[PDB]
Amino acid sequence: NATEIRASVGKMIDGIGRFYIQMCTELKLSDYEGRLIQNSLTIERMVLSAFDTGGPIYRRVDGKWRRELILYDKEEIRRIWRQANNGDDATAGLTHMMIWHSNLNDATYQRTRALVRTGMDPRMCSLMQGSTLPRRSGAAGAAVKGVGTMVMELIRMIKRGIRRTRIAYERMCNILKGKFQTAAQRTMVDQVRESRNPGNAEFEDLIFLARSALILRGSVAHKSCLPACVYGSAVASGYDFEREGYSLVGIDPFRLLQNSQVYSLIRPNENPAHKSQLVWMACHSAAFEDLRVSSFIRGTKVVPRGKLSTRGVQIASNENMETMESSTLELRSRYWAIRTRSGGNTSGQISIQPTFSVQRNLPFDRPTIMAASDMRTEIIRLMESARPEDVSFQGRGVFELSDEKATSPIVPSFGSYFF
Amino acid sequence: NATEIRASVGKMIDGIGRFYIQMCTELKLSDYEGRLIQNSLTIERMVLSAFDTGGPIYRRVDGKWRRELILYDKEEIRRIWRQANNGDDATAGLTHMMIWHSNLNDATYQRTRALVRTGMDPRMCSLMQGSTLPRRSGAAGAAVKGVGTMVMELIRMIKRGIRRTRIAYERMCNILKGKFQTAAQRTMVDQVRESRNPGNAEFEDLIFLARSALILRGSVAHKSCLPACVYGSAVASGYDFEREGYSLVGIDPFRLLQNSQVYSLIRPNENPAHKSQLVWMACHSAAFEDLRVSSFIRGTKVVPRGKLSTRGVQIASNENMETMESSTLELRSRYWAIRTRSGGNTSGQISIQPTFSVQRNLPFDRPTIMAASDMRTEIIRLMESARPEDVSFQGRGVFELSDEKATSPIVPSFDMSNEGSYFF
Amino acid sequence: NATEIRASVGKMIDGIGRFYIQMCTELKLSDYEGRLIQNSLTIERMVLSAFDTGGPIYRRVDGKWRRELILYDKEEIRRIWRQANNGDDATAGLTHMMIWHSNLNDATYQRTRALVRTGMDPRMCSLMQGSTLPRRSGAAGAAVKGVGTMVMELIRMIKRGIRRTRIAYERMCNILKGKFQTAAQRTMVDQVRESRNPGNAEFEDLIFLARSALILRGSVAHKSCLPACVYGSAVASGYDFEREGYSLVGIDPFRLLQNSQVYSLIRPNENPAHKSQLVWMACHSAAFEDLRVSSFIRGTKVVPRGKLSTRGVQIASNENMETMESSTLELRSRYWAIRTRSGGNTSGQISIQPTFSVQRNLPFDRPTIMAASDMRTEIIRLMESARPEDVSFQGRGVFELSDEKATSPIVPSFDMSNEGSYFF
Amino acid sequence: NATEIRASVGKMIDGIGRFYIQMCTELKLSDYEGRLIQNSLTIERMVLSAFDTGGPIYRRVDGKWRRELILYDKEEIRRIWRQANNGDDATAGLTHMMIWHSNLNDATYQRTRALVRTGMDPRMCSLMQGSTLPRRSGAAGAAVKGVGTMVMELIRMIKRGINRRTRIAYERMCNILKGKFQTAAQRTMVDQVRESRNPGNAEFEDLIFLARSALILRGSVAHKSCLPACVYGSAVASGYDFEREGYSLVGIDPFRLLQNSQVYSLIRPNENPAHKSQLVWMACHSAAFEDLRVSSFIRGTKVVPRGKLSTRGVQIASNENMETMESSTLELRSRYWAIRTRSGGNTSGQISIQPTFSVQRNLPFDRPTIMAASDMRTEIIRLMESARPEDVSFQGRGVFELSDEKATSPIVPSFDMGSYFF
Ligand SMILES: Cc1onc(-c2ccccc2)c1C(=O)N1CCN(c2ccc([N+](=O)[O-])cc2Cl)CC1
C-alpha cells in the first residue's frame, strides 16, 4: 500500500511531466528555454486557467531575452492535459501545481495588509501557509492550509454574517479542529462550530485560537512541489515515475533537485544566490520554517526576507526586457530531511549526568519533567507551560543524499524568522 | 536521408532486441538472468560464432550462482537470427554486436604484446581502436578501426613479404589514407600503396605515420553500441525502434542506458563501481578518451585502468562459482555528448584590444595566430607546431538527457579534480 | 600641471560646443533637430572639409523626416569656427572630431578588403584602430592609431616603391616603435627603420610584427570622443567646461552621457537598441574591446557585429525618408571605467623545484631563461609564453557613476561560458 | 630494512621530543607556552648552539605576553640532550632541527642580495633551498641543498682562489653537485669543473651556466618534512611510541602528526594570522620553491606569493614591542597529503588521447616522448629548447586522503583553483 501510493503519486508526476514536454513541442522552446522557471510558470498558469488563455513566454534570441505574449484556446490545452494524463482529467496533477504556486506565494509575499483587513494580528504570518490557495482545492489543498488561513476564511464568513453555506462553515470548522493537537483547542473549535448565530464572540475565539497556534502549533501538511519544468525534464530523460514510484515528503524531490537544472530571469540590481534561495524555499515549502534549520539542510545560509536582493520570480508586463539577464537557480542542498504534518507537541532519558568537568549547559527535557473551569484558561495554562527552548522531534535528523533509506540521522547544534 | 537512416538503424537494433528476447525464451531465463551482462555476452558470442557452438550461461539457484555450458547447432541459432529479423540476413546487426565486443576489448586489455610483435611502439595504444575486430566487419567496421589498427594490418601483410590480395592491400591503404586530415599525411600513404613489392621501406613509412597519428590525429568513428540484453529489454517494454528511429551517435544510446537495468557477476575482491566504469566506457567507445571529459559527462569520477579492481567482465572456465556475487551496474551519466568521427585537427577578429583599465584576461585565438620538399619533414614541421594546450571542438558542448534535438550546448570546464587523463 | 591639462581640454570642448550651438542657430534647427546625431555628423563633417562644402541636413516637417542637401561656403564656416574658439585655429578641436568619426568607423566597418589588398591577414581587424584616420591628424591622431594601422601605412609605402619621403617612412617606423611594449619588438622595428632598400624582407618583418601585436599587444590610446551635439547641449545648458575641467579618459564623458539626450534616425528594419550599442561603443573607443567587459560596463549586453541590426548612423542618399522614424539612443551605462593607453603585458623566482610527487607540469619562465641571437626567435618565444588566460590590469576595476574620484573599484568575476568576446 | 629505517628515524624523533619535554620542565612552561613556536625556536637554537647560551622565552602572564631572556651553560644543555637521546650524542637529531630551520629560512627570506654578491642571477632563488644551512651538516644536509646552493659554495671557493685539504673540499662538493644532476651532459660538465687544477674564471662561467640549466633541466634535491621540536615533544608527552610505531620524513607520518598537533605563534598587530600559518606550513613540508597551485591543492586553501603575505616572519626581534603582541593558533592541517620526492622529474602506456566526444577541450599528448622524432654547452642547450613549461612530470602520481594510510588511491589536480612564491 505504501508501494501503491508511490505508484499513483508517480503517475501524477509522469502526467505533469508529459504535459510539459508537449507544451515545449508546441511552443518550440529549446531545452534551455523549457528550463526557464518563468516559462514554466506561464505554462502552469495556462493549464490551471484552462480548467477554471495565455501569458508571457521568454525566448533567447541573439543573446538577449525576448518576451512575447502567447494566446491559446482553453479547449486545446484541456485536451493536451487529458492526452498527457492518458485520457483522464487527473485533478491531482492540477492541485499539485496549485500547491507549488501557493508555496511560491508564501515565500514571496508578506500577507500583512490582508491580515489587518480581516482584523487579525499582522504578526501571525507563520500560520498563513496556503492563504493564496483557492477554497476550490482538494483534500490535498486543505492539508496544506495553515491554522491562520483556516481562521481567516471562517472570519471572512462571520464578518459577512453581519442554507448550503452552513455546511461550508461547519466543514471548514472541522478541518481547523483537525489541525489542532491539544484536547482543549479541539473542544474550542466545537463551540465555534455549534454556534447557530456566529457573532462577535465567535470571532474573538477564532482570533484567540489563531494566537494559541503560535505556541500550541497546528498539524499542517508540507509537500515538496516543484515547477513543472523539473518534472518535464525528468520525463524527457526517459525517467519512469510510475514504475519507480515517487513521494512528496521523502527523498524523491531532493534527489530530483540534485540533478535537475532550472534557470531564472534575473533583474540587473538582483543577487542570483538570493533568487535561488527564494525558489528553493518554495520547492520544499519552507517559508515559515526555522531559518537555522533551512540553512543547515541547504548547506549555505538562508537569510531573512528583508535581506534578500530579490524582487520576486514572475516578471511584470511593464518591466524592461533589455536589462534582463538570467542565471542558474542553484537548487541543490547538503542534506535532505523528511517533511512532517506535525507542529510537534510536548521511556528514554530525560536528562544528562555530567561525566567531565567542562564548560557547557546541562540538558534536561523541561516539559516532561515539569508535569510535577474555562477552555480559554486551560489553553492559557499550557502556553505558559511552554518555553521557546523545548525540543520537538526528539531523535530526528537530516540525511546524507547517499542515504536512500533514511538510516543514519544528523541532529544540528544551532533571529530565525523569514518575515 | 537523415530521417530514414534512423528508421534503418531502428530496424537493426530491433532485430537484436527481438533475437535476444527469443534466446531468453529458448533458455528459460529469469527476468534477472536475461539482464545479466555475462549471459548477454554468451548469447551475442553464439550468433557471431554461428555466422562465421555454445558457451556459459549463469543461473541463480538457492541464492547462489550456477554456471553451465550449453551447446546449440550453429544452424539452429542462425535460424533464430533470421526469424527475429523478418527474414533478411541482418549483417549490420551482427556487426553492431562485433563492434560492442571490440569496444569492450579496447577498454579491458592493453594491446601491448601484439604491438612489439609487429614492430610498433607499445605507447601507440591510443590508436588501436578496433584492433580485436576482424576484416569480416564491413564499411561500419572500417570506420570504427583506428589509425594504428590499420597500420598494424598493413605491417602484417608487408612482413608476409618473406595478385587478388594486392588489391586488398590497396583498399586498406585507401581506408588508412581516408582517416588522415592533413594532405601531407595522405600523400605519404599515396607513397606506400603503389609500391608493388613493399618491404622495410614501406614499414618505415607506416611506423612514421602511426607515430604522427599521436599528434595529427586521424578521423575514427565512435559508435555507442550496447550489450544485446539492453536492446532486448527496450523491445520487451514496447519501444518500437524501427518506428521511433535510433542513432548510434546521438542521444538514443545515452537515454537507453539511463533507464535500463543490467546486472553483473562480481568476484570477491572486485569493486562494483569500478566494474561499472569498464562497461560504461565500453558502451560509449571511450577507452582512449580524455578521462577528464568522461568524468564530466558521467557525473562521477572515471579513473585509470591500473587503478581498477576488475579482472574483466568475462568469467574464465576455472573460476570459482561459490564465491561469486552479483550487482546492478551503474551505467547512467549526468550529461551526454555527440559521438564524433573527428580527430580534432586545426576572417574576423582573432584577438582583443583593451579599451578599459579593468582586471580581466585578454583573449586571443592562440592556435591560429601560431599557424605561421620532403613529405616526411613536412609532417614533422606541422608536428613541432602542435601544442597539447590548444583547444579543439570550439563551441561544441555536452547536453542534458532531455535535450533530444541537440539545442542547448553546455561547454564544460574540468576544474573538478580527477585521477589522470590517459586511461592507460 | 595636473588640473591645467583639464582646463585646456575643457577649452576645446567649450570650443566645439560653442561652434555647434552657433551653427544650429544659423541653420535654424529646432531643439529635437539639433540633438539628432545625423545633423551632428554633417555639421562635424563640414568643419573638417573646410579646414582641408555640404552634406545632408534633416528636418521634421509635416510629422515625418525630410533630407535636404544644403551647401555653405568653406570660407564662411572657417570663420564661424574661429570666433567660436575666440580667434584661434585651435586645431586640437578639429582633431577631436576626426577621432570621433574614426571610432564610429572602427565600430561600423570591417576592414577585410582593406587588409587583404595590402597582403595582411584579414583576421587582424583588432589591430586596426584609426585606419580611416588621415596622416594629417595630430600627434593626438597618431596615439589613437593601432599597431596594424601603422604597419599598413608602412606596407603601402614599401609597395608604392615597386627623399623627404624617406624621413616620412622613418617617422612612421618610430611612431610604431613607441607603441611596442617589449624590447624585442622594438629592436625589430628599428631594423625596418634602418633598411637601406625597403623591399620584401621589410614587408615580411612588418607582417610578423603585426602578427606579434595580436598576443604581445601594442600600446594604443583610447580617448572617449562624443558627437558635437552632446557638447553643444551641455554648453546650451550653461555648463562651463573651461571652469570645471574635462578628461577624455576620466569620468567626465560617462558623466556627460548619463545626463545627455541624443536622437537618431532609425530604418524600420533597424533595432533602436542595436543602433545605440554602436554609437555607445564609438563614444568610448570600444570597437575591439572584449564584449564581456563592454557588457559589464554598460549593464545591458553588447552583442557581436553579426548579431546587430544596423547599417550605420549615416543615411545613404537613395534611402526613402517616408518610412523613416526616429528615437532616443541609449547612451547610458551601469558603471564607468578608466581608459588605458596600455595593452596589458603579463626579478624574483623564474622556476619551480618540485617538493611533492604529484602529476603536473613544472613551470619555468622559458623566455627569460633561454634569453642567454636572432630577433624573430626571441619574439616567437615570448608569444608562446603567453596564454589567453593570463590576467592583465590586476587590482584595477570599474566604478559606480556617483564615485567621482577612483576610490572604490569593482573587480568583475567573468563567466564560465566565456567564448564569443570578439565583435568581428 | 624499510622497517629498520622507520625504527631509527623514529628513535631520532623520540629523542628530540624527549629533550623538548625536559626543556619545558626546567623552564616550567605551561602546555600552552611549550606549544609556542617562538619558544620552540629558542629551545632548538639553544641546543644547536650548545654543540657548536640562551635567548628569548615567552610566558603568558596576566593575559599578556612577556618576553624574558634566559641563559644556560652549554654543558648542562649538552648533558640534557644526551640524557634525552639515551646516552648518545645522536647527531641525526641535531641535523633534523637544522633542516627545519633552513626550511623555515628558505620560506622566510629572499636570498637576492647574497646572490648578486656571488655574481649569480638574482632570479635563481628556486635553486637555493638549503643555502642558510652550514657546510658542517651531515649526509642529510647535502641531500637537502639545492643545485644553486652547491654552485654558490663552489663559486665562493673559486672567487677566494684569486682572492691541500681544501682540494678535497672542492672536489667533494663538485661530486655532490654532479650527484644532483639527472642528464648525462650536465654530469659530464661537472667533471670538467672538478678536474680543473687551477679553477679560473672559465670554471666560474660553467657553474653559472649549470646553475641556469638547472632551472629547466632540474636537479635531484631531497625534500624532508621537519617540524618544530615542540610538535614532537607534544607527541612524546602524549605517550606516543616513535620507536615502536616507526616514522618517515617523506611519507604520511608528518602530515598525520600535524593533523592532531597544536602550535601557536606570537603575531604582530598589523599581521594576518592565516598568513603566518601559511609561512610555517610551507616550512614544515619544505615547500618554499614548490608550485603554489600544488601547495594550495594539498592544503585545501589558497597559498599566496611572498609579496601578498601580511607576515613579517616567525622569530621576534629584541627591540620589538611586547605590549602589542597578541598570539594565535597556527592552522597547520591540510586537505590532502603527498609523498615528497628527491627528483626534479626528467622528460609502455599511452602518450596521447583520441577524442570520443564532440566537446570543447584541449587534446592531450606527451610532447617530449613523441618529439624524439660536439660541445657540452650546446648539448645542454639542445635539451632546454626541447623542453616546454607544459611538459608533465610525475605521470600517474597524486595526493591522498588522510584516511588513506597506505597510499592506494591517487588524486591528480587540474589547475584552476603565477605559481612562484618569490
Ligand atoms: C537528467 C536526469 O533526470 N532525472 C534524473 C534523475 C531522476 C530521479 C532520480 C535520479 C536521477 C537525472 C540524472 O541526471 N541523473 C543524476 C546522475 N545520475 C546518478 C544518480 C544517482 C547516483 N548514485 O547516487 O549512485 C549516481 C548517478 Cl551517476 C544518473 C541520473
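Protein chains in written order, with the authors' numbering: chain D, 21 to 72, 92 to 201, 213 to 396, 403 to 428, 438 to 479, 485 to 489; chain C, 21 to 72, 92 to 201, 213 to 396, 403 to 428, 438 to 489; chain F, 21 to 72, 92 to 201, 213 to 396, 403 to 428, 438 to 489; chain A, 21 to 72, 92 to 202, 213 to 396, 403 to 428, 438 to 481, 485 to 489.
Here a beta-carbon is modelled for each residue, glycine too, at the ideal position from N, C-alpha and C.
Report, in whole angstroms, the separation of the C-beta atoms of residue 296(F) and residue 35(F), which I expect to be a contact under 8 Å.
Separation of the CB atoms of residue 296(F) and residue 35(F) is rounded to 11 Å, and the pair is thereby denied contact status at 8 Å.
Out of 485(A), 192(A), 468(A), state which residue places its alpha-carbon closest to the alpha-carbon of residue 452(F).
485(A)
Cross-chain neighbours of residue 235(A) in chain C, by beta carbon under 7 Å
Chain C residues near residue 235(A): none, gap ~24 Å exceeds 7 Å.
Contact between the stretch 226-240 of chain A and the stretch 367-380 of chain F: three or more CB pairs below 8 Å?
no
Alpha carbon to alpha carbon, how far is residue 371(D) from residue 355(F)? Give it in angstroms, no decimals.
21 Å
Quick one: does the C-beta of residue 323(D) sit closer than 8 Å to a heavy atom of ligand 3?
Here the bound small molecules are ligand 1; ligand 3 is not part of this structure.
Using a beta-carbon distance cut-off of less than 8 Å, what residues from the stretch 410-424 of chain C approach chain A?
none
Check whether the Cβ atoms of residue 186(D) and residue 267(D) sit closer than 9 Å, and answer yes or no.
yes
First and last residue of the uninterrupted alpha helix (DSSP H) at residue 329(C):
It spans 322-333 - the alpha helix (DSSP H) in which residue 329(C) sits, taken as one unbroken run.
Could you give the distance in angstroms between the alpha-carbon of residue 421(A) and the alpha-carbon of residue 454(C)?
11 Å
Taking one C-beta from the stretch 173-188 of chain A and one from the stretch 255-263 of chain A each time, how about it: are there three or more such pairs within less than 8 Å?
yes
Can you tell me which of the three DSSP states residue 244(C) falls into?
Judged by DSSP in its simplified three-state form, residue 244(C) adopts coil rather than helix or strand.
Starting from residue 124(D), find everything on chain C with Cβ-Cβ shorter than 7 Å and list it in chain order.
Per Cβ cutoff of 7 Å: no residues; residue 124(D) is ~19 Å from chain C at best.
The beta strand (DSSP E) that contains residue 103(C), what's its start and end?
103-110
Rounded to whole angstroms, what is the Cα-Cα separation between residue 192(C) and residue 229(C)?
15 Å
With a threshold of 8 Å (Cβ to nearest heavy atom), would residue 131(C) be considered close to ligand 1?
no
Inside the stretch 127-151 of chain F only - beta strand (DSSP E) runs reaching at least 3 residues:
none
Measure how close the beta-carbons of residue 379(C) and residue 314(C) come, nearest whole angstrom, since I'm counting them as under 8 Å.
5 Å
In its own chain, which residues sit with a C-beta less than 8 Å from the C-beta of residue 406(A), not counting the 5 before and 5 after it?
The answer, listed in chain order, is 420, 421, 424, 425.
Quick one: using the 10 Å Cβ neighbour count with 16 as the cut-off for buried, is residue 52(A) buried or exposed?
exposed
Quick one: is the Cβ of residue 349(C) within less than 8 Å of any heavy atom of ligand 1?
Residue 349(C) Cβ: within cutoff of ligand 1.
Are the beta-carbon atoms belonging to residue 309(C) and residue 282(D) less than 9 Å from one another?
In this structure, residue 282(D) does not lie closer than 9 Å to residue 309(C) by Cβ.
Counting pairs of Cβ atoms below 8 Å between the stretch 264-278 of chain A and the stretch 240-249 of chain A, do you hit three or more?
By the Cβ criterion, the stretch 264-278 of chain A is not in contact with the stretch 240-249 of chain A, since fewer than three pairs of Cβ atoms, one from each stretch, lie closer than 8 Å.
Strictly under 9 Å for the Cβ-Cβ distance: is residue 336(F) near chain C by that measure?
Contact of residue 336(F) with chain C is assigned, a C-beta pair being separated by under 9 Å.
What residues in the stretch 357-381 of chain C have a beta carbon less than 8 Å from any beta carbon of chain A?
357
Leaving aside the five residues before and after residue 154(C) along the sequence, list all residues of the same chain whose C-beta is less than 8 Å from its C-beta, in chain order.
160, 161, 163, 164, 167, 191
Kindly indicate which residue of 108(D), 98(D), 68(D), 42(D) has the alpha-carbon position closest to the one of residue 368(D).
108(D)
Identified DSSP bridge partners for residue 95(A):
108(A)
Could you name the residues of the stretch 301-323 of chain C whose beta carbon sits closer than 7 Å to any beta carbon of chain D, in the order they occur along the chain?
Residues are counted here when their Cβ sits less than 7 Å from a Cβ of chain D; for the stretch 301-323 of chain C these are 305, 308, 309, given in chain order.
Euclidean distance between Cα positions of residue 360(C) and residue 317(C)
8 Å
DSSP beta-bridge partners for residue 417(A)?
In the DSSP output, where bridge partners are listed per residue, residue 417(A) has 456(C).
Please list the terminal residues of the continuous beta strand (DSSP E) segment that includes residue 40(F).
No beta strand (DSSP E) holds residue 40(F); the alpha helix (DSSP H) holding it covers 22-46.
Just to confirm, are residue 307(F) and residue 333(F) a CB contact at a threshold of 9 Å?
Yes; because the gap between Cβ atoms is below 9 Å, this pair is in contact.
By how many angstroms is the C-alpha of residue 393(C) removed from the C-alpha of residue 254(C)?
23 Å
Where residue 290(A) falls, given that 16 or more other Cβ within 10 Å makes a residue buried:
Exposed: under 16 other Cβ atoms inside 10 Å.
Where DSSP assigns a beta bridge to residue 389(A), which residues make up the other side?
412(F)
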